Structures are given as C-alpha cells and as structure tokens.
Amino acid sequence: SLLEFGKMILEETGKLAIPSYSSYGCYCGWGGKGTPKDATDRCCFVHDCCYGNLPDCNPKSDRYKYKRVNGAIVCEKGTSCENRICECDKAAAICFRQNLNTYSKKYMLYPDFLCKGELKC
Ligand SMILES: CN(C)Cc1c[nH]c2c(CCCO)cccc12
C-alpha cells in the first residue's frame, strides 16, 4: 500500500514521498502520459508499468510486509498480489536511490500540458 511505499522511499532516499515524488515529472503521481523527463521520472514510469502487470491487485490499499537485511529490502511472504506489489515498490525505491544525483526540483509540480509524446510499457 502507499503506506509501505512511502516508508520505503524515505528510508532509501531521505526524502518524503509527498511532495518529492508525488508531483514529479510526467509519471510520479497521477501521471499517465508523455515522455518521462529524466531518470527519476523513468523510475515512476516503470513503476506504473509494473503495477499495470497486476490488474486484479490493489497496490494502493493492499498492505504487505518487508524487512531490511542490512541495507537489502526483503519482501516477506504474503498473498501473491502482496508479493508482486512489494517487488514493484522495492524496484522503484532502488531506482530512486540510484538516480538521486540527477533529481531536479524544476520537475516538481510539473505542468500536465508539457507531458507529450508516447511510450508503451
Ligand atoms: C491520497 N493520496 C495521497 C494518494 C497518493 C499519494 N501519493 C501517490 C502516488 C505517488 C507514486 C509516484 O511515485 C501515486 C498514486 C497515488 C498517490
């Protein structure tokens, strides 16, 4: 659920999900169109696509458990939807950490009309 995804992001990057990653670029947040603006936005695009592979799951409200083995994020065994949601979130969190160096505040509250073009998952 968003509760877990948020904690995961804070732990990884030191930034709070809202508002560092809730209105960033074209895909971090509501976002569903155009070309991702940068690497961080690409993390959100892939994350959206990952959720897209689970039509009968509810990633926003479905809660899962995960532990930290010294750095490493380890998804704990739950229902199959829970396990797959967790893997999607874990990947996004790592992708965010990996691209912290290029995160630009000029992409926060990014305008909708500038999200142009198209990209299939
Ligand atoms: C009520 N509320 C705050 C819902 C909400 C907060 N952050 C969200 C993200 C962020 C995911 C982008 O990385 C995606 C989809 C929904 C939400």
# chains A, B, ... in the order shown; residues from 1 in each chain; ligands from 1

$ residues_near_ligand --ligand "ligand 1" --cutoff "10 Å" --atoms "only C-alpha atoms and all ligand atoms" --output "PDB file with N, CA, C and O atoms, in the first residue's frame"
ATOM      1  N   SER A   1       0.863  -1.215   0.000  1.00  0.00           N
ATOM      2  CA  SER A   1       0.000   0.000   0.000  1.00  0.00           C
ATOM      3  C   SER A   1       0.883   1.243   0.000  1.00  0.00           C
ATOM      4  O   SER A   1       2.101   1.148   0.172  1.00  0.00           O
ATOM      5  N   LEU A   2       0.274   2.410  -0.186  1.00  0.00           N
ATOM      6  CA  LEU A   2       1.053   3.636  -0.198  1.00  0.00           C
ATOM      7  C   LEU A   2       1.801   3.843   1.109  1.00  0.00           C
ATOM      8  O   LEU A   2       2.843   4.496   1.137  1.00  0.00           O
ATOM      9  N   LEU A   3       1.270   3.280   2.187  1.00  0.00           N
ATOM     10  CA  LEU A   3       1.909   3.395   3.492  1.00  0.00           C
ATOM     11  C   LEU A   3       3.298   2.770   3.458  1.00  0.00           C
ATOM     12  O   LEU A   3       4.246   3.353   3.974  1.00  0.00           O
ATOM     13  N   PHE A   5       5.076   1.896   0.563  1.00  0.00           N
ATOM     14  CA  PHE A   5       5.862   2.525  -0.486  1.00  0.00           C
ATOM     15  C   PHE A   5       6.493   3.814   0.034  1.00  0.00           C
ATOM     16  O   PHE A   5       7.664   4.082  -0.225  1.00  0.00           O
ATOM     17  N   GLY A   6       5.714   4.593   0.783  1.00  0.00           N
ATOM     18  CA  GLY A   6       6.199   5.846   1.337  1.00  0.00           C
ATOM     19  C   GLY A   6       7.364   5.673   2.297  1.00  0.00           C
ATOM     20  O   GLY A   6       8.369   6.379   2.213  1.00  0.00           O
ATOM     21  N   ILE A   9      10.557   4.659   0.442  1.00  0.00           N
ATOM     22  CA  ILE A   9      11.173   5.791  -0.240  1.00  0.00           C
ATOM     23  C   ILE A   9      11.957   6.674   0.722  1.00  0.00           C
ATOM     24  O   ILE A   9      13.082   7.089   0.430  1.00  0.00           O
ATOM     25  N   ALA A  17       7.959  10.918   0.373  1.00  0.00           N
ATOM     26  CA  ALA A  17       7.216  10.611  -0.850  1.00  0.00           C
ATOM     27  C   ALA A  17       6.424  11.828  -1.299  1.00  0.00           C
ATOM     28  O   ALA A  17       6.508  12.243  -2.451  1.00  0.00           O
ATOM     29  N   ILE A  18       5.638  12.379  -0.383  1.00  0.00           N
ATOM     30  CA  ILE A  18       4.870  13.583  -0.653  1.00  0.00           C
ATOM     31  C   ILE A  18       5.715  14.657   0.034  1.00  0.00           C
ATOM     32  O   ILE A  18       5.985  14.566   1.230  1.00  0.00           O
ATOM     33  N   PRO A  19       6.129  15.701  -0.699  1.00  0.00           N
ATOM     34  CA  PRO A  19       5.901  16.016  -2.108  1.00  0.00           C
ATOM     35  C   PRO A  19       7.084  15.856  -3.067  1.00  0.00           C
ATOM     36  O   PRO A  19       7.045  16.382  -4.178  1.00  0.00           O
ATOM     37  N   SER A  20       8.125  15.138  -2.657  1.00  0.00           N
ATOM     38  CA  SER A  20       9.284  14.937  -3.524  1.00  0.00           C
ATOM     39  C   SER A  20       8.966  14.039  -4.721  1.00  0.00           C
ATOM     40  O   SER A  20       9.464  14.275  -5.822  1.00  0.00           O
ATOM     41  N   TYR A  21       8.126  13.026  -4.513  1.00  0.00           N
ATOM     42  CA  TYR A  21       7.774  12.098  -5.590  1.00  0.00           C
ATOM     43  C   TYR A  21       6.284  11.929  -5.909  1.00  0.00           C
ATOM     44  O   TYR A  21       5.898  10.920  -6.506  1.00  0.00           O
ATOM     45  N   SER A  22       5.445  12.887  -5.529  1.00  0.00           N
ATOM     46  CA  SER A  22       4.016  12.759  -5.812  1.00  0.00           C
ATOM     47  C   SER A  22       3.532  13.657  -6.949  1.00  0.00           C
ATOM     48  O   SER A  22       2.420  13.492  -7.450  1.00  0.00           O
ATOM     49  N   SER A  23       4.366  14.606  -7.358  1.00  0.00           N
ATOM     50  CA  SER A  23       4.003  15.502  -8.450  1.00  0.00           C
ATOM     51  C   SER A  23       5.246  15.789  -9.294  1.00  0.00           C
ATOM     52  O   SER A  23       5.395  16.870  -9.871  1.00  0.00           O
ATOM     53  N   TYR A  24       6.126  14.796  -9.372  1.00  0.00           N
ATOM     54  CA  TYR A  24       7.370  14.921 -10.118  1.00  0.00           C
ATOM     55  C   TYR A  24       7.250  14.450 -11.568  1.00  0.00           C
ATOM     56  O   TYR A  24       6.775  13.347 -11.838  1.00  0.00           O
ATOM     57  N   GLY A  25       7.673  15.308 -12.491  1.00  0.00           N
ATOM     58  CA  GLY A  25       7.646  14.979 -13.902  1.00  0.00           C
ATOM     59  C   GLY A  25       6.299  14.606 -14.475  1.00  0.00           C
ATOM     60  O   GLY A  25       5.269  15.191 -14.135  1.00  0.00           O
ATOM     61  N   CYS A  26       6.321  13.617 -15.360  1.00  0.00           N
ATOM     62  CA  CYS A  26       5.119  13.146 -16.017  1.00  0.00           C
ATOM     63  C   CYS A  26       4.542  11.860 -15.435  1.00  0.00           C
ATOM     64  O   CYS A  26       3.370  11.566 -15.660  1.00  0.00           O
ATOM     65  N   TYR A  27       5.333  11.103 -14.677  1.00  0.00           N
ATOM     66  CA  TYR A  27       4.827   9.846 -14.119  1.00  0.00           C
ATOM     67  C   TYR A  27       4.804   9.650 -12.608  1.00  0.00           C
ATOM     68  O   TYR A  27       4.207   8.692 -12.131  1.00  0.00           O
ATOM     69  N   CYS A  28       5.457  10.515 -11.846  1.00  0.00           N
ATOM     70  CA  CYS A  28       5.403  10.398 -10.424  1.00  0.00           C
ATOM     71  C   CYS A  28       4.191  11.115  -9.878  1.00  0.00           C
ATOM     72  O   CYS A  28       4.240  12.326  -9.621  1.00  0.00           O
ATOM     73  N   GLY A  29       3.141  10.373  -9.675  1.00  0.00           N
ATOM     74  CA  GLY A  29       1.920  10.950  -9.146  1.00  0.00           C
ATOM     75  C   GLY A  29       0.711  10.455  -9.923  1.00  0.00           C
ATOM     76  O   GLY A  29       0.573   9.253 -10.116  1.00  0.00           O
ATOM     77  N   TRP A  30      -0.169  11.375 -10.360  1.00  0.00           N
ATOM     78  CA  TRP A  30      -1.363  10.985 -11.136  1.00  0.00           C
ATOM     79  C   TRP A  30      -0.903  10.351 -12.465  1.00  0.00           C
ATOM     80  O   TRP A  30      -1.355   9.282 -12.910  1.00  0.00           O
ATOM     81  N   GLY A  31       0.019  11.140 -13.052  1.00  0.00           N
ATOM     82  CA  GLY A  31       0.734  10.943 -14.306  1.00  0.00           C
ATOM     83  C   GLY A  31       0.532   9.641 -15.049  1.00  0.00           C
ATOM     84  O   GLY A  31       0.684   8.539 -14.495  1.00  0.00           O
ATOM     85  N   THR A  40      14.699   9.784 -12.868  1.00  0.00           N
ATOM     86  CA  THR A  40      13.775   9.616 -11.750  1.00  0.00           C
ATOM     87  C   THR A  40      12.355   9.411 -12.260  1.00  0.00           C
ATOM     88  O   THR A  40      11.612   8.574 -11.748  1.00  0.00           O
ATOM     89  N   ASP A  41      11.987  10.180 -13.277  1.00  0.00           N
ATOM     90  CA  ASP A  41      10.660  10.077 -13.855  1.00  0.00           C
ATOM     91  C   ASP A  41      10.523   8.724 -14.547  1.00  0.00           C
ATOM     92  O   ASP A  41       9.428   8.163 -14.616  1.00  0.00           O
ATOM     93  N   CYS A  43      11.851   6.048 -13.457  1.00  0.00           N
ATOM     94  CA  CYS A  43      11.625   5.096 -12.376  1.00  0.00           C
ATOM     95  C   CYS A  43      10.120   4.989 -12.117  1.00  0.00           C
ATOM     96  O   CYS A  43       9.599   3.901 -11.852  1.00  0.00           O
ATOM     97  N   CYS A  44       9.432   6.129 -12.170  1.00  0.00           N
ATOM     98  CA  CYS A  44       7.996   6.166 -11.934  1.00  0.00           C
ATOM     99  C   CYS A  44       7.238   5.524 -13.087  1.00  0.00           C
ATOM    100  O   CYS A  44       6.239   4.843 -12.873  1.00  0.00           O
ATOM    101  N   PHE A  45       7.715   5.735 -14.310  1.00  0.00           N
ATOM    102  CA  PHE A  45       7.092   5.133 -15.489  1.00  0.00           C
ATOM    103  C   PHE A  45       7.148   3.601 -15.386  1.00  0.00           C
ATOM    104  O   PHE A  45       6.153   2.919 -15.611  1.00  0.00           O
ATOM    105  N   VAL A  46       8.326   3.066 -15.069  1.00  0.00           N
ATOM    106  CA  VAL A  46       8.494   1.624 -14.944  1.00  0.00           C
ATOM    107  C   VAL A  46       7.655   1.109 -13.779  1.00  0.00           C
ATOM    108  O   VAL A  46       7.092   0.016 -13.844  1.00  0.00           O
ATOM    109  N   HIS A  47       7.563   1.909 -12.719  1.00  0.00           N
ATOM    110  CA  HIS A  47       6.773   1.545 -11.543  1.00  0.00           C
ATOM    111  C   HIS A  47       5.292   1.457 -11.919  1.00  0.00           C
ATOM    112  O   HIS A  47       4.602   0.525 -11.504  1.00  0.00           O
ATOM    113  N   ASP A  48       4.809   2.425 -12.697  1.00  0.00           N
ATOM    114  CA  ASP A  48       3.421   2.425 -13.149  1.00  0.00           C
ATOM    115  C   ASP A  48       3.159   1.181 -14.000  1.00  0.00           C
ATOM    116  O   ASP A  48       2.120   0.530 -13.867  1.00  0.00           O
ATOM    117  N   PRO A  59      -2.641  -2.299  -5.452  1.00  0.00           N
ATOM    118  CA  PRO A  59      -1.392  -1.784  -4.897  1.00  0.00           C
ATOM    119  C   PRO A  59      -1.453  -0.573  -3.982  1.00  0.00           C
ATOM    120  O   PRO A  59      -0.588  -0.419  -3.129  1.00  0.00           O
ATOM    121  N   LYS A  60      -2.463   0.278  -4.129  1.00  0.00           N
ATOM    122  CA  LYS A  60      -2.576   1.450  -3.263  1.00  0.00           C
ATOM    123  C   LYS A  60      -3.064   1.134  -1.850  1.00  0.00           C
ATOM    124  O   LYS A  60      -2.646   1.781  -0.894  1.00  0.00           O
ATOM    125  N   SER A  61      -3.939   0.140  -1.713  1.00  0.00           N
ATOM    126  CA  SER A  61      -4.502  -0.196  -0.408  1.00  0.00           C
ATOM    127  C   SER A  61      -4.113  -1.550   0.180  1.00  0.00           C
ATOM    128  O   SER A  61      -4.255  -1.767   1.386  1.00  0.00           O
ATOM    129  N   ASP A  89       7.434  -2.026  -5.811  1.00  0.00           N
ATOM    130  CA  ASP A  89       7.814  -0.893  -4.973  1.00  0.00           C
ATOM    131  C   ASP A  89       9.288  -0.903  -4.630  1.00  0.00           C
ATOM    132  O   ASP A  89       9.943   0.133  -4.650  1.00  0.00           O
ATOM    133  N   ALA A  92      11.279   0.378  -7.499  1.00  0.00           N
ATOM    134  CA  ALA A  92      11.157   1.826  -7.636  1.00  0.00           C
ATOM    135  C   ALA A  92      12.041   2.563  -6.630  1.00  0.00           C
ATOM    136  O   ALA A  92      12.716   3.536  -6.973  1.00  0.00           O
ATOM    137  N   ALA A  93      12.025   2.090  -5.390  1.00  0.00           N
ATOM    138  CA  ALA A  93      12.798   2.708  -4.324  1.00  0.00           C
ATOM    139  C   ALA A  93      14.292   2.669  -4.632  1.00  0.00           C
ATOM    140  O   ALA A  93      15.010   3.637  -4.387  1.00  0.00           O
ATOM    141  N   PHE A  96      15.070   5.021  -7.419  1.00  0.00           N
ATOM    142  CA  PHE A  96      15.117   6.398  -6.925  1.00  0.00           C
ATOM    143  C   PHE A  96      16.477   6.670  -6.277  1.00  0.00           C
ATOM    144  O   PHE A  96      17.103   7.697  -6.520  1.00  0.00           O
TER     145      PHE A  96
END

$ residues_around --residues "residue A:117" --least-positions-apart "2" --cutoff "10 Å" --atoms "only C-alpha atoms" --output "PyMOL selection string"
chain A and resi 33-36+114-115+119

$ write_last_selection --atoms "C-alpha atoms" --output "tab-separated table (two decimals), in the first residue's frame"
chain	number	residue	atom	x	y	z
A	33	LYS	CA	1.18	10.22	-20.38
A	34	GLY	CA	4.05	11.54	-22.38
A	35	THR	CA	7.82	11.01	-22.31
A	36	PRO	CA	9.48	10.76	-18.88
A	114	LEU	CA	4.19	19.55	-21.14
A	115	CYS	CA	3.81	15.79	-20.84
A	119	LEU	CA	5.63	5.36	-24.54

$ closest_residue --among "A:87, A:37, A:54, A:106" --to "residue A:74" --atoms "only C-alpha atoms"
A:87

$ residues_around --residues "residue A:58" --least-positions-apart "2" --cutoff "12 Å" --atoms "only C-alpha atoms" --output "PDB file with N, CA, C and O atoms, in the first residue's frame"
ATOM      1  N   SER A   1       0.863  -1.215   0.000  1.00  0.00           N
ATOM      2  CA  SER A   1       0.000   0.000   0.000  1.00  0.00           C
ATOM      3  C   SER A   1       0.883   1.243   0.000  1.00  0.00           C
ATOM      4  O   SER A   1       2.101   1.148   0.172  1.00  0.00           O
ATOM      5  N   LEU A   2       0.274   2.410  -0.186  1.00  0.00           N
ATOM      6  CA  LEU A   2       1.053   3.636  -0.198  1.00  0.00           C
ATOM      7  C   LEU A   2       1.801   3.843   1.109  1.00  0.00           C
ATOM      8  O   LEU A   2       2.843   4.496   1.137  1.00  0.00           O
ATOM      9  N   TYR A  51       2.854  -1.945 -11.915  1.00  0.00           N
ATOM     10  CA  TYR A  51       1.526  -2.038 -11.333  1.00  0.00           C
ATOM     11  C   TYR A  51       0.584  -2.494 -12.442  1.00  0.00           C
ATOM     12  O   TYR A  51      -0.330  -3.277 -12.212  1.00  0.00           O
ATOM     13  N   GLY A  52       0.821  -1.995 -13.649  1.00  0.00           N
ATOM     14  CA  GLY A  52      -0.017  -2.353 -14.776  1.00  0.00           C
ATOM     15  C   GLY A  52      -0.073  -3.839 -15.068  1.00  0.00           C
ATOM     16  O   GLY A  52      -1.048  -4.310 -15.640  1.00  0.00           O
ATOM     17  N   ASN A  53       0.965  -4.580 -14.682  1.00  0.00           N
ATOM     18  CA  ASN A  53       1.006  -6.028 -14.904  1.00  0.00           C
ATOM     19  C   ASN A  53       0.153  -6.785 -13.879  1.00  0.00           C
ATOM     20  O   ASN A  53       0.090  -8.010 -13.908  1.00  0.00           O
ATOM     21  N   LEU A  54      -0.501  -6.061 -12.978  1.00  0.00           N
ATOM     22  CA  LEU A  54      -1.305  -6.682 -11.930  1.00  0.00           C
ATOM     23  C   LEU A  54      -2.717  -6.108 -11.908  1.00  0.00           C
ATOM     24  O   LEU A  54      -3.102  -5.454 -10.937  1.00  0.00           O
ATOM     25  N   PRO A  55      -3.519  -6.359 -12.955  1.00  0.00           N
ATOM     26  CA  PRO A  55      -4.879  -5.804 -12.954  1.00  0.00           C
ATOM     27  C   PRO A  55      -5.860  -6.221 -11.859  1.00  0.00           C
ATOM     28  O   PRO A  55      -6.809  -5.486 -11.582  1.00  0.00           O
ATOM     29  N   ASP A  56      -5.656  -7.394 -11.264  1.00  0.00           N
ATOM     30  CA  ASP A  56      -6.551  -7.835 -10.200  1.00  0.00           C
ATOM     31  C   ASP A  56      -6.005  -7.689  -8.794  1.00  0.00           C
ATOM     32  O   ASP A  56      -6.430  -8.366  -7.859  1.00  0.00           O
ATOM     33  N   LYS A  60      -2.463   0.278  -4.129  1.00  0.00           N
ATOM     34  CA  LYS A  60      -2.576   1.450  -3.263  1.00  0.00           C
ATOM     35  C   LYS A  60      -3.064   1.134  -1.850  1.00  0.00           C
ATOM     36  O   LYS A  60      -2.646   1.781  -0.894  1.00  0.00           O
ATOM     37  N   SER A  61      -3.939   0.140  -1.713  1.00  0.00           N
ATOM     38  CA  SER A  61      -4.502  -0.196  -0.408  1.00  0.00           C
ATOM     39  C   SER A  61      -4.113  -1.550   0.180  1.00  0.00           C
ATOM     40  O   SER A  61      -4.255  -1.767   1.386  1.00  0.00           O
ATOM     41  N   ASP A  62      -3.650  -2.421  -0.681  1.00  0.00           N
ATOM     42  CA  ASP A  62      -3.237  -3.755  -0.277  1.00  0.00           C
ATOM     43  C   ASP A  62      -1.912  -3.656   0.532  1.00  0.00           C
ATOM     44  O   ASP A  62      -0.906  -3.199  -0.029  1.00  0.00           O
ATOM     45  N   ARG A  63      -1.854  -4.058   1.795  1.00  0.00           N
ATOM     46  CA  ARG A  63      -0.620  -3.955   2.561  1.00  0.00           C
ATOM     47  C   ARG A  63       0.236  -5.199   2.543  1.00  0.00           C
ATOM     48  O   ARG A  63      -0.275  -6.313   2.584  1.00  0.00           O
ATOM     49  N   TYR A  64       1.548  -5.000   2.524  1.00  0.00           N
ATOM     50  CA  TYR A  64       2.486  -6.113   2.552  1.00  0.00           C
ATOM     51  C   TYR A  64       3.522  -5.831   3.630  1.00  0.00           C
ATOM     52  O   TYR A  64       3.582  -4.727   4.180  1.00  0.00           O
ATOM     53  N   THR A  79       0.161 -12.699   0.328  1.00  0.00           N
ATOM     54  CA  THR A  79      -0.663 -13.241  -0.745  1.00  0.00           C
ATOM     55  C   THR A  79       0.161 -12.975  -2.005  1.00  0.00           C
ATOM     56  O   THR A  79       1.152 -12.237  -1.956  1.00  0.00           O
ATOM     57  N   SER A  80      -0.232 -13.563  -3.129  1.00  0.00           N
ATOM     58  CA  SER A  80       0.531 -13.370  -4.350  1.00  0.00           C
ATOM     59  C   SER A  80       0.506 -11.922  -4.841  1.00  0.00           C
ATOM     60  O   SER A  80       1.495 -11.440  -5.372  1.00  0.00           O
ATOM     61  N   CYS A  81      -0.613 -11.225  -4.666  1.00  0.00           N
ATOM     62  CA  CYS A  81      -0.700  -9.819  -5.066  1.00  0.00           C
ATOM     63  C   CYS A  81       0.252  -8.974  -4.216  1.00  0.00           C
ATOM     64  O   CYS A  81       0.932  -8.070  -4.714  1.00  0.00           O
ATOM     65  N   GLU A  82       0.285  -9.271  -2.923  1.00  0.00           N
ATOM     66  CA  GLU A  82       1.159  -8.575  -1.936  1.00  0.00           C
ATOM     67  C   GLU A  82       2.617  -8.751  -2.299  1.00  0.00           C
ATOM     68  O   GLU A  82       3.393  -7.796  -2.238  1.00  0.00           O
ATOM     69  N   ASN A  83       3.012  -9.965  -2.687  1.00  0.00           N
ATOM     70  CA  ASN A  83       4.407 -10.239  -3.029  1.00  0.00           C
ATOM     71  C   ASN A  83       4.827  -9.474  -4.279  1.00  0.00           C
ATOM     72  O   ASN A  83       5.899  -8.884  -4.328  1.00  0.00           O
ATOM     73  N   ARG A  84       3.972  -9.491  -5.291  1.00  0.00           N
ATOM     74  CA  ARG A  84       4.261  -8.802  -6.540  1.00  0.00           C
ATOM     75  C   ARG A  84       4.230  -7.271  -6.391  1.00  0.00           C
ATOM     76  O   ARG A  84       5.012  -6.571  -7.032  1.00  0.00           O
ATOM     77  N   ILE A  85       3.336  -6.752  -5.553  1.00  0.00           N
ATOM     78  CA  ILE A  85       3.261  -5.305  -5.337  1.00  0.00           C
ATOM     79  C   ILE A  85       4.563  -4.858  -4.676  1.00  0.00           C
ATOM     80  O   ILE A  85       5.193  -3.886  -5.090  1.00  0.00           O
ATOM     81  N   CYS A  86       4.960  -5.586  -3.643  1.00  0.00           N
ATOM     82  CA  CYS A  86       6.187  -5.288  -2.927  1.00  0.00           C
ATOM     83  C   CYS A  86       7.414  -5.254  -3.861  1.00  0.00           C
ATOM     84  O   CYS A  86       8.253  -4.359  -3.745  1.00  0.00           O
TER      85      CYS A  86
END

$ atom_distance --atom1 "atom CA of residue A:8" --atom2 "atom CA of residue A:90"
7.5 Å

$ closest_residue --among "A:49, A:7, A:101, A:110" --to "residue A:32" --atoms "only C-alpha atoms"
A:49

$ select_by_dssp --residues "chain A" --states "strand (DSSP E)" --output "PyMOL selection string"
chain A and resi 66-69+72-75

$ atom_distance --atom1 "atom CA of residue A:88" --atom2 "atom CA of residue A:38"
19.3 Å

$ atom_distance --atom1 "atom CA of residue A:105" --atom2 "atom CA of residue A:12"
18.2 Å

$ select_by_dssp --residues "stretch 37-87 of chain A" --states "helix (DSSP H, G or I)" --output "list in words"
residues 39, 40, 41, 42, 43, 44, 45, 46, 47, 48, 49, 50, 51, 52, 80, 81, 82, 83, 84, 85, 86 and 87 of chain A

$ decode --residues "stretch 51-68 of chain A" --atoms "N, CA, C and O atoms" --output "PDB file, in the first residue's frame"
ATOM      1  N   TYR A  51       2.854  -1.945 -11.915  1.00  0.00           N
ATOM      2  CA  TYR A  51       1.526  -2.038 -11.333  1.00  0.00           C
ATOM      3  C   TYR A  51       0.584  -2.494 -12.442  1.00  0.00           C
ATOM      4  O   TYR A  51      -0.330  -3.277 -12.212  1.00  0.00           O
ATOM      5  N   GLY A  52       0.821  -1.995 -13.649  1.00  0.00           N
ATOM      6  CA  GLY A  52      -0.017  -2.353 -14.776  1.00  0.00           C
ATOM      7  C   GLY A  52      -0.073  -3.839 -15.068  1.00  0.00           C
ATOM      8  O   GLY A  52      -1.048  -4.310 -15.640  1.00  0.00           O
ATOM      9  N   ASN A  53       0.965  -4.580 -14.682  1.00  0.00           N
ATOM     10  CA  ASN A  53       1.006  -6.028 -14.904  1.00  0.00           C
ATOM     11  C   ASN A  53       0.153  -6.785 -13.879  1.00  0.00           C
ATOM     12  O   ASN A  53       0.090  -8.010 -13.908  1.00  0.00           O
ATOM     13  N   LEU A  54      -0.501  -6.061 -12.978  1.00  0.00           N
ATOM     14  CA  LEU A  54      -1.305  -6.682 -11.930  1.00  0.00           C
ATOM     15  C   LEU A  54      -2.717  -6.108 -11.908  1.00  0.00           C
ATOM     16  O   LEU A  54      -3.102  -5.454 -10.937  1.00  0.00           O
ATOM     17  N   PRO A  55      -3.519  -6.359 -12.955  1.00  0.00           N
ATOM     18  CA  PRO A  55      -4.879  -5.804 -12.954  1.00  0.00           C
ATOM     19  C   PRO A  55      -5.860  -6.221 -11.859  1.00  0.00           C
ATOM     20  O   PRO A  55      -6.809  -5.486 -11.582  1.00  0.00           O
ATOM     21  N   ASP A  56      -5.656  -7.394 -11.264  1.00  0.00           N
ATOM     22  CA  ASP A  56      -6.551  -7.835 -10.200  1.00  0.00           C
ATOM     23  C   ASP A  56      -6.005  -7.689  -8.794  1.00  0.00           C
ATOM     24  O   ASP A  56      -6.430  -8.366  -7.859  1.00  0.00           O
ATOM     25  N   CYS A  57      -5.056  -6.777  -8.666  1.00  0.00           N
ATOM     26  CA  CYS A  57      -4.445  -6.485  -7.387  1.00  0.00           C
ATOM     27  C   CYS A  57      -4.763  -5.025  -7.105  1.00  0.00           C
ATOM     28  O   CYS A  57      -5.116  -4.288  -8.020  1.00  0.00           O
ATOM     29  N   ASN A  58      -4.612  -4.594  -5.857  1.00  0.00           N
ATOM     30  CA  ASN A  58      -4.891  -3.209  -5.492  1.00  0.00           C
ATOM     31  C   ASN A  58      -3.688  -2.684  -4.720  1.00  0.00           C
ATOM     32  O   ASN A  58      -3.697  -2.600  -3.491  1.00  0.00           O
ATOM     33  N   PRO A  59      -2.641  -2.299  -5.452  1.00  0.00           N
ATOM     34  CA  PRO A  59      -1.392  -1.784  -4.897  1.00  0.00           C
ATOM     35  C   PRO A  59      -1.453  -0.573  -3.982  1.00  0.00           C
ATOM     36  O   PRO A  59      -0.588  -0.419  -3.129  1.00  0.00           O
ATOM     37  N   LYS A  60      -2.463   0.278  -4.129  1.00  0.00           N
ATOM     38  CA  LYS A  60      -2.576   1.450  -3.263  1.00  0.00           C
ATOM     39  C   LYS A  60      -3.064   1.134  -1.850  1.00  0.00           C
ATOM     40  O   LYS A  60      -2.646   1.781  -0.894  1.00  0.00           O
ATOM     41  N   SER A  61      -3.939   0.140  -1.713  1.00  0.00           N
ATOM     42  CA  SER A  61      -4.502  -0.196  -0.408  1.00  0.00           C
ATOM     43  C   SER A  61      -4.113  -1.550   0.180  1.00  0.00           C
ATOM     44  O   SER A  61      -4.255  -1.767   1.386  1.00  0.00           O
ATOM     45  N   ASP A  62      -3.650  -2.421  -0.681  1.00  0.00           N
ATOM     46  CA  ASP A  62      -3.237  -3.755  -0.277  1.00  0.00           C
ATOM     47  C   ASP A  62      -1.912  -3.656   0.532  1.00  0.00           C
ATOM     48  O   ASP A  62      -0.906  -3.199  -0.029  1.00  0.00           O
ATOM     49  N   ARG A  63      -1.854  -4.058   1.795  1.00  0.00           N
ATOM     50  CA  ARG A  63      -0.620  -3.955   2.561  1.00  0.00           C
ATOM     51  C   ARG A  63       0.236  -5.199   2.543  1.00  0.00           C
ATOM     52  O   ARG A  63      -0.275  -6.313   2.584  1.00  0.00           O
ATOM     53  N   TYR A  64       1.548  -5.000   2.524  1.00  0.00           N
ATOM     54  CA  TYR A  64       2.486  -6.113   2.552  1.00  0.00           C
ATOM     55  C   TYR A  64       3.522  -5.831   3.630  1.00  0.00           C
ATOM     56  O   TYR A  64       3.582  -4.727   4.180  1.00  0.00           O
ATOM     57  N   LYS A  65       4.324  -6.840   3.934  1.00  0.00           N
ATOM     58  CA  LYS A  65       5.368  -6.723   4.938  1.00  0.00           C
ATOM     59  C   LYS A  65       6.710  -6.889   4.256  1.00  0.00           C
ATOM     60  O   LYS A  65       6.841  -7.657   3.305  1.00  0.00           O
ATOM     61  N   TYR A  66       7.707  -6.171   4.748  1.00  0.00           N
ATOM     62  CA  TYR A  66       9.043  -6.274   4.200  1.00  0.00           C
ATOM     63  C   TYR A  66      10.010  -5.969   5.328  1.00  0.00           C
ATOM     64  O   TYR A  66       9.679  -5.231   6.260  1.00  0.00           O
ATOM     65  N   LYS A  67      11.189  -6.570   5.261  1.00  0.00           N
ATOM     66  CA  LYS A  67      12.205  -6.347   6.268  1.00  0.00           C
ATOM     67  C   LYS A  67      13.491  -5.899   5.594  1.00  0.00           C
ATOM     68  O   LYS A  67      13.638  -5.984   4.373  1.00  0.00           O
ATOM     69  N   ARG A  68      14.413  -5.403   6.408  1.00  0.00           N
ATOM     70  CA  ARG A  68      15.703  -4.952   5.965  1.00  0.00           C
ATOM     71  C   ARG A  68      16.764  -5.843   6.496  1.00  0.00           C
ATOM     72  O   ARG A  68      16.911  -5.980   7.711  1.00  0.00           O
TER      73      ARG A  68
END
